[PDB]
Number of protein chains: 4
Amino acid sequence: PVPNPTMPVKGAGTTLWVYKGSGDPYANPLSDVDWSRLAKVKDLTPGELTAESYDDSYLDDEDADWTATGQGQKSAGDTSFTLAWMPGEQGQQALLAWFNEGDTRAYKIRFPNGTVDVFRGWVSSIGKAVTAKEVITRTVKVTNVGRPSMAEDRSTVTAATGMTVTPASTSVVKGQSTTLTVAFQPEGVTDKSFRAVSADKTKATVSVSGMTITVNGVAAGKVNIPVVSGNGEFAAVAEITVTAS
Amino acid sequence: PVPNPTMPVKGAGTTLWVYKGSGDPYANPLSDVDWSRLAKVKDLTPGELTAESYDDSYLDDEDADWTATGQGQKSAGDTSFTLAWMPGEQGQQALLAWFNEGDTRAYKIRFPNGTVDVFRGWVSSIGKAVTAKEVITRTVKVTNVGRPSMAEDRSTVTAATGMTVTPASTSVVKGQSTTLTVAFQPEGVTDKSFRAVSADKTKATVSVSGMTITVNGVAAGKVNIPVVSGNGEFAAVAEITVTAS
Amino acid sequence: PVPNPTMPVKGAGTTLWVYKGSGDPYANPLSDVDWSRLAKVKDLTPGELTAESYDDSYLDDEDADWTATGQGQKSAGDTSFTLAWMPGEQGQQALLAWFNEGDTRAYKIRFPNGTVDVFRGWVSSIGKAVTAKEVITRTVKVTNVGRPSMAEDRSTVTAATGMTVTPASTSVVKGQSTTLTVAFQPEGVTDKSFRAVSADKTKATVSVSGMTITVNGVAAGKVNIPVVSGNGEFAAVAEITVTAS
Amino acid sequence: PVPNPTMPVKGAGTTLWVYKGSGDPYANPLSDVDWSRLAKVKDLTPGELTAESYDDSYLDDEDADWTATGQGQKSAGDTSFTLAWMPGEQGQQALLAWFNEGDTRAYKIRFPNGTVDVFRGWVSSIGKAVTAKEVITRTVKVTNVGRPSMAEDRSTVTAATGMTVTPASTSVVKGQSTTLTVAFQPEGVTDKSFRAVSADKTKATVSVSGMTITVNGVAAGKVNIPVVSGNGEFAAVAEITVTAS
């Protein structure tokens with residue numbers, strides 16, 4: 001359905017583009033103008049950002065019982081991919097020219113949830129595999145240089161206005177489960193962490209799964225189930241009257 | 001049944017949290033206040049404690065038939081985990097900011113038996129795996145610094161049996177304050193952290209000072225004031241009916 | 001982000017300048033007016049300040065078992081650096097003019113912590129390295145004359161107004177550590193030396209690491225931990241009540 | 001935590017100090033009164049004691065097949081250390097002033113086993129190292145003059161077991177003086193240096209005369225008067241409640 005960057009997503013629909021223009025690729029990566037697509041992608045391994053360790057040990061330190069280090073220089077890794085070998089396609093000739101020239105160019109990866117990842121690098125490997133029963137493939141590797149523009153850099157924090165639990169009042173029979181739904185206003189809230197707790201464990205118990213609250217009526221009576229947001233700025237109280245079987 | 005640290009337990013329900021507070025993380029790891037959860041964990045490999053060898057041999061030793069060594073410097077290793085890639089959540093944005101900054105921060109692992117493990121470290125790797133028929137995953141590695149705080153350090157501690165708020169029901173006149181007292185059973189509870197929150201801020205407001213809760217009746221009516229312990233295992237709900245002047 | 005001349009700094013961002021003017025170079029080394037930069041520095045080794053030994057021995061001294069000497073004439077050393085070879089730049093042309101004329105000129109080394117070192121000298125060596133797979137480099141050596149202007153010469157001492165330890169009161173459980181932070185008022189205090197001691201070592205022990213104080217509650221009870229500044233003009237007393245497990 | 005000089009100790013925790021007082025550095029090296037620490041020591045190399053050769057042969061000896069010699073003049077060598085470059089610290093400014101002046105001053109090395117070595121010398125070299133990925137270091141070399149004071153010279157000494165201040169609690173009226181007595185256990189302690197300091201100067205002031213402490217109640221209230229030994233291994237806290245006239 002509608003892409004949502006706050007929910008888990010499957011890889012199908014991921015695309016790869018290379019920048020051709022003379023502007024800033026980092027300014028607005030969401031526009032496809034001056035970008036060329038590399039179609040027929042079979043495998044994609046994005047670059048891995050790593051860092052080295054720096055020693056922070058001194059002789060006059062009280063004790064060397066445990067090691068102490070800090071973050072050093074950072075790297076953007078290497079990005080690898082595979083494509084259907086089509087020498088007549090313009091994008092593949094452009095990639096070959098990129099490899100031959102040796103300059104640093106910008107490439108972006110587009111995900112089915114509406115976000116993009118932008119990297120800059122130079123081509124370091126070109127390969128090919130030939131098999132009688134399979135389609136000939138082209139393997140490409142790009143060494144990245146500098147700090148990339150990850151998708152999290154384009155994410156906007158949104159504050160909440162209120163929290164609602166539905167339904168507010170419900171009766172549960174012993175040995176049965178009831179479903180409670182908690183919602184945040186508006187629909188664009190970034191922080192949706194919350195804790196559902198039971199005042200009386202014997203009278204009722206609560207289990208949290210996603211946005212659904214399950215209540216078990218172990219003992220009959222009236223039990224209050226408070227719900228408090230993770231930030232703790234809002235609160236919701238749900239009253240359940242457990243009915244004996 | 002009841003979580004028992006003296007009998008074997010299975011891994012389901014292991015959670016991971018990162019510290020956002022300014023106090024001592026090691027002081028009260030059992031309280032969930034000032035901690036943020038990294039939801040949707042797929043794989044988790046804790047850091048391994050390892051110590052180096054130190055040679056303890058001399059030329060004048062009479063018995064050189066066998067080797068003699070001793071324990072040297074101790075290390076905490078690296079902790080790795082995998083999450084579902086959700087760039088729109090605050091947790092992963094905070095993780096990316098933590099990696100970019102390069103500082104050393106504290107995190108904790110909560111086990112299904114009621115114990116916690118606390119580490120201090122810095123992020124050293126960020127990765128991504130993309131495939132057609134599986135959820136895109138984010139792989140994170142953290143290098144630990146210093147002395148960790150394992151569960152065995154907190155083995156002699158007294159758990160709580162219940163939490164009570166007194167008085168339960170009270171009426172407050174507009175422009176006046178009411179005092180509420182929260183107590184833990186038994187008197188030897190070590191973790192007494194709690195959070196008092198208001199369902200309706202306009203109807204009433206709450207201020208926390210020590211073990212006393214102050215309620216101001218800004219607007220007349222019936223307002224529910226839930227109280228949840230810092231660990232979040234108990235809950236107390238106090239109902240106050242504000243009376244107009 | 002933190003131009004602090006009182007804390008350790010890595011070397012990246014260090015720059016080299018040569019004076020081109022008629023005014024006094026030592027008077028205002030913080031201004032870049034009338035200074036020309038030498039870009040693309042690859043390696044830098046500053047001058048080493050040394051001294052000579054003068055024999056203070058006499059025939060009539062009773063104690064001649066041990067040698068006695070004194071300080072003699074002092075030298076400024078030699079400064080050697082390497083740049084990227086670009087004969088078209090004006091700075092490299094001025095360097096060759098400086099070598100050919102044989103004049104004694106002033107040069108500055110600017111460090112990433114906001115401090116500068118100014119020297120005066122004459123060029124003694126000009127070299128080059130040619131490699132097929134490496135960029136051609138220019139090697140320069142300057143012999144310094146006279147007393148230089150070190151960064152410590154421009155440092156201004158600032159007195160303190162008060163010392164605070166935070167938090168003042170804390171309770172520690174046996175087998176756990178507590179962090180204490182000591183601060184000086186104002187933020188520009190030059191002398192931040194302090195000794196923090198324990199009145200009762202069995203009841204508690206203290207370890208000093210940087211500005212953080214670690215307290216171990218070996219024995220339960222009330223223990224006073226006095227901290228005295230290195231100058232001894234201020235004093236801070238921290239009381240910790242150790243709680244048995 | 002094992003200060004035993006009869007068995008081997010690792011080198012972690014060695015500290016460097018410089019004398020500032022006008023007394024005798026060799027009289028009580030254990031006390032840290034009038035000494036300043038040089039923190040952030042990356043590497044240390046103490047001076048080496050060496051002796052020259054003196055020819056004792058003659059023409060009339062019946063045996064001349066083998067050479068015969070004797071011990072000549074003695075030298076204390078050169079002590080070389082490396083610190084982190086922090087020009088804002090008062091210690092490095094004082095070190096630079098020491099190098100510039102040419103005076104011969106005393107310095108101390110303290111080992112983790114509880115022993116001290118005292119040398120007298122003058123600075124002979126000042127160096128610097130600049131690297132992009134490494135902290136800037138300051139290299140110092142000192143040439144020693146005269147006879148040093150090794151730890152083996154102080155192999156006969158009485159360690160202190162405890163320090164007591166009597167009386168612990170006292171009330172002083174404004175405009176009156178109170179006498180406090182400090183004692184060391186046992187009666188044969190060799191190092192009896194101590195520092196008595198006031199947390200609040202306005203509330204009370206302290207003067208040190210011999211083993212008697214005089215307290216003046218300038219302002220009424222409760223004031224803590226910590227007392228710390230010169231070595232700093234013991235601490236005593238005396239609380240005085242000043243009563244208004």
Side-chain angles (χ1 to χ4, degrees), chain A residues 4-14 43-53 56 64-72 74 77 109 111 113 115 117 147 150-155 157 190-193 195 197-201 224-230 232-237, chain B residues 32-33 36-37 39-40 72-76 84-93 95-97 99-104 122-136 139 141 143 145-147 195 197-201 224-229 232-237 239:
Chain A
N4 171 356
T6 63
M7 296 270 80
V9 83
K10 316 249 283 290
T14 304
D43 281 306
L44 185 47
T45 328
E48 193 209 320
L49 332 170
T50 67
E52 30 169 56
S53 66
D56 261 301
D65 279 12
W66 295 87
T67 53
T69 50
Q71 193 188 78
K74 289 196 280 281
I109 316 167
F111 300 109
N113 64 68
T115 64
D117 271 350
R147 203 249 208 196
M150 305 299 275
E152 284 89 354
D153 292 1
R154 257 161 308 261
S155 289
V157 179
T190 311
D191 178 26
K192 284 172 311 283
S193 61
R195 268 207 172 274
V197 285
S198 178
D200 291 331
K201 292 181 57 62
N224 263 326
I225 301 299
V227 170
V228 180
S229 64
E233 193 276 332
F234 314 81
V237 177
Chain B
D32 268 350
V33 306
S36 70
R37 189 169 143 183
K40 302 231 145 73
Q73 201 174 27
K74 293 193 283 276
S75 200
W85 182 58
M86 296 135 99
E89 294 226 359
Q90 294 289 165
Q92 292 206 35
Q93 298 184 38
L95 190 96
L96 261 298
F99 169 74
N100 281 333
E101 179 177 342
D103 48 341
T104 286
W122 49 275
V123 188
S124 58
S125 156
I126 296 283
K128 176 173 303 175
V130 199
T131 165
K133 267 142 37 143
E134 292 173 74
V135 155
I136 307 177
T139 324
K141 186 153 66 70
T143 299
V145 178
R147 195 199 201 269
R195 43 166 69 175
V197 285
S198 178
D200 291 331
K201 304 273 171 83
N224 263 326
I225 301 299
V227 170
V228 180
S229 64
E233 193 276 332
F234 314 81
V237 177
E239 171 266 350

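Only this structure's heavy atoms are used, side chains among them; waters, hydrogens and symmetry mates stay out. Numbers restart at 1 for each chain; the letters A, B, ... are given by sequence-line order, proteins then strands.
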Going from [atom1] on [X] to [atom2] on [Y], what distance comes out if it is rounded to the nearest 0.5 angstrom?
X: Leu49(A); Y: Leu96(B); atom1: CG; atom2: CG; result: 8.0 Å
X: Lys10(A); Y: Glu134(B); atom1: NZ; atom2: CD; result: 10.0 Å
X: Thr67(A); Y: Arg147(B); atom1: OG1; atom2: CZ; result: 13.5 Å

Among [options], residue most engaged with chain B (heavy-atom pairs, under 4.5 Å):
options: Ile225(A), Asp43(A), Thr6(A); value: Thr6(A)
options: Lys74(A), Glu52(A), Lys201(A), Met150(A); value: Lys74(A)
options: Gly77(A), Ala51(A), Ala151(A), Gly13(A); value: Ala51(A)

Report which part of [X] has an atom under 4.5 Å of a heavy atom belonging to chain B: side chain, backbone, both, or neither.
X: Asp56(A); answer: neither
X: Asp200(A); answer: neither
X: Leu44(A); answer: backbone
X: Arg154(A); answer: neither
X: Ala68(A); answer: both
X: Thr14(A); answer: side chain
X: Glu233(A); answer: both

Inset, instruction - For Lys192(A) and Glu89(B), indicate whether the former's side chain and the latter's backbone hold a donor-acceptor pair under 3.5 Å. - result: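 Not a single qualifying donor-acceptor pair exists.
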Among [options], which has the most heavy-atom pairs under 4.5 Å with chain A?
options: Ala76(B), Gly91(B), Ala97(B), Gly102(B); value: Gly102(B)
options: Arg195(B), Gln92(B), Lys141(B); value: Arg195(B)
options: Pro226(B), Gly72(B), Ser75(B), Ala84(B); value: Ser75(B)
options: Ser229(B), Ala129(B), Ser124(B); value: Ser124(B)

Inset, instruction - Indicate the atoms forming the closest heavy-atom contact of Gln90(B) with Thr190(A), along with that distance. - result: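 Closest heavy-atom pair between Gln90(B) and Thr190(A): OE1-CG2, 3.0 Å.
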Inset, instruction - Please name the pair of heavy atoms, one in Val197(B) and one in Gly232(A), separated by the smallest distance, quoted to 0.1 Å. - result: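 It is CG1-O, 3.2 Å.
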Any side-chain heavy atom of [X] within less than 4.5 Å of one from [Y]?
X: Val237(A); Y: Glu239(B); answer: no
X: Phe111(A); Y: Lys128(B); answer: yes
X: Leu95(B); Y: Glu152(A); answer: no
X: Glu101(B); Y: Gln71(A); answer: no

Under 4.5 Å from any heavy atom of chain A - which part of [X]:
X: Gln73(B); result: both
X: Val123(B); result: backbone
X: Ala199(B); result: both
X: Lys40(B); result: side chain
X: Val228(B); result: side chain
X: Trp85(B); result: both
X: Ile136(B); result: both
X: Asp32(B); result: side chain

Legend entry - Residues which pass ring-ring contact (aromatic ring centres under 6.0 Å, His included) with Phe234(A), listed by chain and number, not counting sequence neighbours: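 In terms of ring-ring contact (aromatic ring centres under 6.0 Å, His included), with neighbours along the sequence ignored, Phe234(A) is linked to no residue.
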Legend entry - Any residue meeting side chain to side chain donor-acceptor pair (under 3.5 Å) with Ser193(A), in chain and number order, not counting sequence neighbours: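 Checked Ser193(A) against side chain to side chain donor-acceptor pair (under 3.5 Å); matches are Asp191(A).
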